[PDB]
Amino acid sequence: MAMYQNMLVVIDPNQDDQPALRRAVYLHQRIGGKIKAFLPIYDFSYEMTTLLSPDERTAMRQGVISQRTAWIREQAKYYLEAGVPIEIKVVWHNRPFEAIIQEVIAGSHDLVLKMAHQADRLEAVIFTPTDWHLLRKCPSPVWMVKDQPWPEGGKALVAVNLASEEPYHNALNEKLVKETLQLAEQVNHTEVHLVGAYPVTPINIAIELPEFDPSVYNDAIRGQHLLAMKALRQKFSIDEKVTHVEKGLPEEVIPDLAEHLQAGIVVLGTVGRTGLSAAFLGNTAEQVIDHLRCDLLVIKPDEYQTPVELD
């Protein structure tokens, strides 16, 4: 099936330009999906309306909605005029991350896009607490669109966890790869790279195990991870030369490699509290995200159950 057929764009109320919207329109052009431009304003309406009657407060709340609706429509004017299918929805909500996830579930959206600021090209992208909540808890993929362009020739870098999940099978790695291949093809035939990081105990600690040679162990673990990378890449017909296996935690490995490859986007998987390796996967994702200088795509398992309540 065509991917990203029902995109939810989170509008940034603090600036006219909307990178997330502009990205969604490009995706409409490439893959054909529809778009909901959604603005959940955190609810400061009561503080804004001190001394007013309840009827006046209602009127002011409604006027804000109508005006913001008009402002979005202005931003999207030529898109709309051209036939791009963009529905505009503005609400007040006590918790914007909750409103977005509830809108995802209610509207059956299959992608969320939201902008993130980058102040300097040598500095990490800035993520807000709303960004973090979404990334952690949204059931659909979340694409954080940095407010700076992709590098020409930019790569897509997929982080895969190659440690054995015996007796189970890692279905998430396959999803990340499959989904990234499909996306990358549509995005100017972007070249997809895979990276498996392998952490090991510091040499000067492991050297204390009796008769134990930490570099021999490390090479063992490297060998295993290379085997698993080879299995994964061959399942998807991916060349060896675009796969990367490196010693370290993911956060020690991925940022340097992303800078080396000029990644346009880094793709990461995380899982629910009940899933295998959930605490590790969440923390390492956070540590990697904290270093990223490019777009981020987080994808979760098919049957991920968000802990956000429905109404």
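Note that residue numbering follows the sequence shown and begins at 1.
K.L.:
Comparing 271-279 with 29-37, which stretch shows the greater average C-alpha B-factor in the deposited entry?
P.N.:
So the stretch with the higher mean C-alpha B-factor is 271-279.
K.L.:
Of the two stretches 140-148 and 169-177, which shows the higher Cα B-factor on average in the entry?
P.N.:
Comparing averages over the C-alpha atoms only gives 169-177.
K.L.:
Hey, out of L261, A285, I265, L249, whose CA B-factor is highest in the deposited coordinates?
P.N.:
Comparing C-alpha B-factors across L261, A285, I265, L249, the top value belongs to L261.
K.L.:
According to the Cα B-factor stored in this entry, which of the following is highest: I205, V104, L194, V90?
P.N.:
Result of the comparison over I205, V104, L194, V90: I205.
K.L.:
Could you look up the Cα B-factor of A228 in the entry and say which third of the chain it sits in: lowest, middle or highest?
P.N.:
CA B-factor rank for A228: middle third.
K.L.:
Should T130 be placed in the lowest, middle or highest third of its chain by the C-alpha B factor in the entry?
P.N.:
It belongs to the lowest third of the chain when residues are ordered by C-alpha B-factor.
K.L.:
Divide the modelled residues of the chain into thirds by Cα B-factor and specify which third, lowest, middle or highest, holds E98.
P.N.:
Middle third - that is where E98 ends up once the chain's C-alpha B-factors are sorted.
K.L.:
Quick check on the deposited entry: does the C-alpha B-factor of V112 sit in the lowest, middle or highest third of its chain?
P.N.:
Ranked within chain, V112 CA B lands in the lowest tercile.
K.L.:
Pull the Cα B-factor of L209 out of the PDB entry and bin it into the chain's lowest, middle or highest third.
P.N.:
According to the entry, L209 has a C-alpha B-factor in the chain's highest third.
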